[PDB]
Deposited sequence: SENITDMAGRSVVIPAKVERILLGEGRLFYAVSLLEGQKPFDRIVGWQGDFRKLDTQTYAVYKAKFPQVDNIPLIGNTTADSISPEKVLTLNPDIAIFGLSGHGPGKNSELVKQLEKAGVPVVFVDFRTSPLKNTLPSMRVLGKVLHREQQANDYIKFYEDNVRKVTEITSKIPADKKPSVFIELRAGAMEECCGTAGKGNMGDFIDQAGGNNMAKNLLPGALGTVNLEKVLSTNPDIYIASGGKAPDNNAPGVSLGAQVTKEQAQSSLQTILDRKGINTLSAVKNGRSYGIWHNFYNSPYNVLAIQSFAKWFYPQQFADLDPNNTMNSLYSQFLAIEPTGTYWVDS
């Protein structure tokens, strides 16, 4: 009847859930795992981050489910169709938020149950507990628990190997989040976020000691001085976009991915790293930084870090299984890339 969310708040599970508000649109990644062939049927509103910041995934859904464009966008901008203060008109049974608000207050003041999850700041600790909570409060425990089993299995395949690797034998690693996005450079993950995936994949994240939190910045000069064994760039850029950025996602091929990475690797400063010269330079889909599908990032990283140990591991296969079992769309495009 009650469950504890990732804020440690006790929440009363509603007996009927037909109407789900997503405080962050990209929480749809999690919800989608639960809704089988009816992904949108219970979504009554969402913030626009999925539609606006994941145009590629949105577009694939829109192809098969045009109704996605009718889902109200909650926010205060001209791109939004319903302001926080009026979200009660949507009659949500429950509202889902990330840990990372006037909206939350408005919903709590209306007696709407609010559940906090987290795939962003501490994914290693919080991914699976988040999914468990979601299975319970959205009445999809079978789907949650099967996903939990699938994720555990697929993570173990890595960690049963990477946990036995001595630290001195581990590659040093630097991930540049949204490489080529802002003008200043080297937004990264430290004690959390994609850091967790580096850790689980047997890497040594050079930003871990440089940052107090999960997310932060390391100046290029420090990246260049440290000169890690491995360089990773995250991005989710449209393959039709000339702005610098790694093009990855549902609508990107390998060749477009490689090409856009190459532009990122050719940047002044970055092009002097040994990792770039050695070709130990890689691209990862940015939205794995806030998604329960992050098992695929862990598997990708492991393959880059220990290519021999993970010769037979194929994240594209892992992804295929995830889609087959849980999702109403087919897997397409490119979510990781090598030089």
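Of the deposited sequence, the ranges 1, 102 to 108 have no C-alpha coordinates according to the record.
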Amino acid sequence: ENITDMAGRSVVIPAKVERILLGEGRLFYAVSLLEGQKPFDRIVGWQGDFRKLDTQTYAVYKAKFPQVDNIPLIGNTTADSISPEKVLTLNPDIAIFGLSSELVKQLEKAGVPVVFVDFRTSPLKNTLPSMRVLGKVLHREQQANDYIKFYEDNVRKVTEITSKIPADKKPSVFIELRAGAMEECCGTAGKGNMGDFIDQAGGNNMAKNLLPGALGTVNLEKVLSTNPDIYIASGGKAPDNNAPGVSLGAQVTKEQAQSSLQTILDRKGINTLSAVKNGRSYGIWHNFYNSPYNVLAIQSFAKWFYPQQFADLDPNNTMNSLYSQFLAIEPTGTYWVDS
From here on, numbers count along this sequence of modelled residues.
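Legend: mean Cα B-factor per stretch from the PDB entry, 18 to 26 versus 311 to 319; the higher mean is in 311 to 319. Taking the mean C-alpha B-factor of each stretch as recorded, 322 to 330 and 9 to 17 are not equal, and the higher mean is that of 9 to 17. Per the PDB record, 84 has a higher Cα B-factor than any other of 129, 228, 235, 84.
Take 222, 140, 208, 120 and read off each C-alpha B-factor from the entry; 208 has the highest. Annotation for residue 67: CA B-factor lies in the highest third of the chain's modelled residues. Annotation for residue 51: CA B-factor lies in the lowest third of the chain's modelled residues.
In the PDB entry, a CA B factor belonging to the middle third of its chain's modelled residues is recorded for residue 299. Remark: residue 102 belongs to the highest third of its chain, ranked by C-alpha B-factor as recorded. For residue 36, the recorded CA temperature factor ranks within the middle third of the chain's modelled residues.
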